[PDB]
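Read through the structure below, which is laid out as structure tokens, and then see the notes.
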Ligand SMILES: [Ca+2]
């Protein structure tokens, strides 16, 4: 009568990667010496947000 | 779908040197001897303002 191939069974899921691993927002400052002067000053900072299940980051 | 180069992260600051290292203002006087005379006298002074993060100055 009917001979089934016994293959018509399926299960399906989805995957996505919609975000980059890091986000960088800058809060740097300024360097204001006189002409030819020597000095040092703190510039500011830069926030590096870490995204989903990211544990170690290697940057350049 | 989309292959990111992972380069579009930036942080920016500014620098400026808007002033010369020194300012010189003069308060000198006068030399008033007779014709052919020998003497000595104090002339005056000259103020040398020092600008931002300047520590050592070499002048001519
Ligand atoms: Ca200095």
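Just so it is clear, none of the values below were taken in a lab; they were calculated from the coordinates. Reconstructed Cβ throughout: ideal geometry from the backbone, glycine too, with neighbour counts over all protein chains shown.
Pairs of Cα atoms in chain A fall into 10 Å distance bins, from 0 up to the last occupied one, in shares of 13, 23, 17, 15, 11, 7, 6, 4, 2, 1 percent. Counting, for every residue in A:36-42, the Cβ atoms of other protein chains within 10 Å of its Cβ and taking the mean gives 4.
Applying D = kT/(6 pi eta Rh) to the protein assembly as shown, where Rh is the Kirkwood radius over alpha-carbon pairs, T corresponds to 25 °C and eta to 0.890 mPa s, the Stokes-Einstein value obtained is 106 µm²/s. Among B:35, B:46, B:15, whose mean-square fluctuation peaks in a Gaussian network model of chain B (Cα, cutoff 10 Å)? Residue with maximal mean-square fluctuation among B:35, B:46, B:15: B:35.
How far, in nm, would the chain grow between residue B:24 and residue B:4 when pulled straight, counting 0.36 nm per residue and subtracting the alpha carbon separation? Don't skip to the answer; put the middle values down first.
On the way: separation 20, 0.36 × 20 = 7.20 nm, distance 5.69 nm.
Length gained, residue B:24 through residue B:4: 1.5 nm.
The label point for residue A:53 and the one for residue A:38, both projected 7 Å from the Cα toward the Cβ, are 5.4 nm apart.
One Cα centroid belongs to the stretch B:1-57, the other to the stretch A:1-42; the line between them spans 48 Å.
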